[PDB]
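# Fold and contact review
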Amino acid sequence: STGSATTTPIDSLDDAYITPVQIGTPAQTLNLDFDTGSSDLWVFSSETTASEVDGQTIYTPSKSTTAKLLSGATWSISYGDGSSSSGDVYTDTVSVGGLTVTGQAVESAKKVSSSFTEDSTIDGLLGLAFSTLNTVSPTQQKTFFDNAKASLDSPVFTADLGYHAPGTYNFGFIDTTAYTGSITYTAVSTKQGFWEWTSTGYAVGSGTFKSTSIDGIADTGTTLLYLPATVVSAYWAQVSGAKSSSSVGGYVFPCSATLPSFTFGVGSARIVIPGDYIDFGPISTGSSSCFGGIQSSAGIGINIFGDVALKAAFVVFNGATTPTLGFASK
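Residues numbered from 1 in each chain as written, not as in the entry; some residues may be left out. Heavy atoms only, no water. Residues with missing side-chain atoms left out of burial classes, pairs and counts.

The name the PDB entry assigns to the chain is endothiapepsin, from the organism Cryphonectria parasitica. In its PDB record the entry is named "Automated refinement of diffraction data obtained from an endothiapepsin crystal treated with fragment 313". Listed in UniProt under the heading Sequence similarities, the comment for the chain reads: "Belongs to the peptidase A1 family." (UniProt positions renumbered as here; feature names shortened; annotations may be inferred.)

Below is the structure:
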């Protein structure tokens, strides 16, 4: 089997991407944030504290003839950005772009943090990291991909995120029309439960490539590109007036600037992030200070190849017995 679904930016800045997901019988369609940095499929629901729901579409398990309470199971997750959610668990039928999993754990939120409430466009998350990170207790549950894998034509999914435009998540096949050149594959460590890999270096604009190993994670659920302070300083030094602002929370730059591209290495291959992908707009409405899309990972504890990087590539998440990651230009 295969599946193919369009993923759409939630706003004009590509702050996140939402993908429609069918849950239950009859289908209830929710728009979920596909997150290769976590491993829980959780949704706003009829059980979510009413004051914490503000415009989201909810899953109502009582209206699904295939929903079953997973007795005794609870979940609770905290994300790198400080947001969180928790609740109980149902199993139900879940379909993405025509690919159906029966008995998928659907984690129903009883509580969500303010950031989730305040984002009316995101009805929940669909985790695509390794199932070892799943938070359900006392019996850990499998991701949608893990459940689907054996049925797929090939045990892969691909992320093709758009810049200020829709893109695609495919399951079970590689669309050879969706990228240019070849796909370069690189090793993955699953030791921390992430799609963790090592970039071979970087360049800023038309500058020379610096060969250096950068361990990080391919994370569709993180907006920005978080890299070591040395790398990030080298980038922003090429933008007149750019500075790190403790009050704002990262590098800012004059909105009048033209940003240089940023290249990262995948083996001997190179992925070029155009400068415009690195512009996250005014820090506050009407400001002429703009927020940068490349930020320091110092004090995160891990480098993160988030959407800024991934949207410059066609990305293969290869879930073979020994997982790997593939990147192509597009």
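With 68 residues, the main nonpolar core has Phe 171, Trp 236, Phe 262, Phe 264, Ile 273 and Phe 327 as its most contacted residues. For this core, the element with the highest residue contribution is helix α3 (residues 229-236), accounting for four residues. Residues lining this core come from more than one domain, with at least three contributed by each of domain 1 (5-174) and domain 2 (175-330). In this structure, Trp 42, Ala 73, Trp 75 and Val 136 belong to the second largest nonpolar core, which totals 17 residues. (Core = buried A, V, L, I, M, F, W, Y, C linked by side-chain atoms within 4.5 Å. Buried < 20%, exposed > 50% of the residue type's maximum accessible area, 1.4 Å probe, protein only. Helix = DSSP H or I, 4+ residues; strand = E, 2+ residues; numbered from the N terminus. Domains from an automatic or database assignment.)

This brings us to the sheet that holds strand β22 (residues 303-305). Spatial strand order, β18-β17-β12-β13-β22-β14-β21: seven strands in an open sheet with mixed pairing. Across the chains shown, the open sheet's two edge strands, defined by having one partner strand only, are β18 (269-273) and β21 (294-296). Here the strands of the sheet are splayed against their neighbours by 45 degrees on average, with no regard to which way each runs. Note that strand β14 (residues 225-227) and β21 share three bridges and pair parallel. The partner of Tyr 226 across the bridge, within β21, is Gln 295. (Pairing = 2+ DSSP bridges. Axes fitted to C-alpha atoms, helices over the stretch in contact; angles between N-to-C directions.)

Let us now look at the UniProt feature "disulfide bond" in the chain. Annotation check: the disulfide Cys 255-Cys 290 recorded in UniProt is satisfied, the sulfur-sulfur distance being 2.0 Å, below 2.5 Å. Separated by 35 residues along the polypeptide, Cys 255 in the loop between β16 (250-254) and β17 (262-266) and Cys 290 in strand β20 (residues 289-292) bring together distant segments of the chain. Overall, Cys 255 belongs to the partly exposed group, its relative accessible area being 30%. Looking at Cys 290, the relative accessible area reads 3%, which means it is buried. (Disulfide = S-S within 2.5 Å.)

Residues given the UniProt feature "active site" here are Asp 35 and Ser 199. Summarising the element assignment, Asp 35 is placed in strand β3 (residues 28-35). A relative accessible area of 5% means that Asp 35 is categorised as buried. Sequence-distant contacts of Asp 35, that is, excluding residues within four places in its chain, are made with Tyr 79, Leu 125, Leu 126, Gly 127, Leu 128, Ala 129, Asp 219, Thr 220 and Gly 221. Relative to the elements of secondary structure, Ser 199 occurs in strand β12 (residues 196-204). When its relative accessible area of 2% is taken as the criterion, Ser 199 is described as buried. (Contact = heavy atoms within 4.5 Å.)

Attention now moves to the packing of aromatic side chains. Each aromatic ring pair is specified by the distance between its two centres and by the angle formed by the two planes. Across all of its chains, the model carries 26 aromatic pairs by this definition. Here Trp 197 and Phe 327 contribute two aromatic rings whose centre-to-centre distance is 4.8 Å and whose plane-to-plane angle is 40 degrees, an arrangement assigned as tilted. Taken together, the residues span a long stretch of sequence, with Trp 197 in strand β12 and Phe 327 in strand β24 (residues 324-328) at a distance of 130 residues. Overall, the relative accessible area of 1% leaves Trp 197 in the buried class. These aromatic residues form a ring-pair network of at least three members: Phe 34, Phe 130, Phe 144, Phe 145, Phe 157, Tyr 169, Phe 171, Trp 195 and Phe 317. (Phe/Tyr/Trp six-rings, centres within 6.5 Å; stacked < 30°, edge-to-face > 60°.)

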